[PDB]
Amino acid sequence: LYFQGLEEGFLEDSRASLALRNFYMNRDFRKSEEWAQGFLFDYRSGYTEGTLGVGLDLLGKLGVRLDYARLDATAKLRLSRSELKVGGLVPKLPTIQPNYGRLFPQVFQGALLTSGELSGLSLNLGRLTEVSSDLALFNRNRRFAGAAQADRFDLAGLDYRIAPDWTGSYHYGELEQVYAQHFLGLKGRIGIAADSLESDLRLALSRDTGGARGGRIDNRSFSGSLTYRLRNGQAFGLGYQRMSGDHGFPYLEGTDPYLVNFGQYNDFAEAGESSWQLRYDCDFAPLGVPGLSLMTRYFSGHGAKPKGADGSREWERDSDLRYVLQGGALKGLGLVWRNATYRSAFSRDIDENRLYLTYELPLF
């Protein structure tokens, strides 16, 4: 956390890995398909010597259908308990979260400063200018006037350790001339007593800003969860979510929305929409079968006020099965199967399968 810069570490502490990813996706409307192999070279330098240390990250991506090629560089500066990254960025913030269900998450260009000079307090500040063309408001079901674009997305935030099991966060995000969103969140855990109860509460307020290319937007979002997690590998979760104001929940193209009732397909984020989620996870590891996990969840939404369409109710069931080989030559191989059923009164019904074969190979 504190950066000493006592040794010349750029080359010496360098590490890298190659990720191999085979992804298949199947989609039935009311039909399409996608199959692809990805290669991902992920390099992370150490830091040059001195109180201000300099570093370099590199992301090399190759994608082939059934030819996509990209190289993203990131300069990193390190001083005291603060870090500045400039170049390719994969932010993980309440206002901007990667899309993970693909071959590769989007890379954003800009600068991001994080700082933990104060104990228990993290601060961040950032500005993004590009996505792997401009940053754009993700329309989806015509929730807004159009998919407005901008040159700049600003961000600032604070995450505070209130107590060892409690954290509160505030984050601000603004796609310039389109919308600004305020986020406030609280996460907590209590013991009961070999097991635990976790809570995750999220309020967000979004309004159009400046030229309002989106255009007029008013969204007040609540999204929260309660998870009962047992020591034997099981978890039971309850999620609840509500959209208030004249619009649905805005977020950028290329990102997943930071909402708890977000499934494999739907985000239950139409204007006016309330939704409930039940979720069950099971790890078969402390039961006998390590590497094998399973998840299922069901979401139900009502009170949606979709634009230009009639109907207000919708639901989704996702099931997820995963296995990772535990030994032999392929001791890293991961199989993931994500299946979904989505039914809506106001948008197109879908059935979908996603399949992932993953392997991670450390180079140095």
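The numbering used is simple: start at 1 and walk along the sequence shown.
According to the entry, the deposited sequence places 10 or more unmodelled residues between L66 and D67. According to the entry, the deposited sequence has 4 to 9 residues without coordinates between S132 and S133. Higher average CA B factor: 338-346, of the stretches 338-346 and 9-17. For the pair 161-169 and 278-286, the record assigns the higher mean C-alpha temperature factor to 278-286.
By the numbers in the PDB entry, the CA B factor is greatest at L292 among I96, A156, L292, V86. Note on the listed residues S122, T227, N232, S206: the highest Cα temperature factor in the record is that of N232. When the CA B factors of the chain's modelled residues are split into thirds, the value for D195 lands in the highest one. In the deposited entry, the Cα temperature factor of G101 sits in the top third of values across the chain's modelled residues.
Sorting the modelled residues of the chain by their CA temperature factor places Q326 in the highest third. For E253, the recorded CA B-factor ranks within the middle third of the chain. Only modelled residues enter the ranking. Ranked by Cα temperature factor within the chain, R142 sits in the highest third according to the deposited record.
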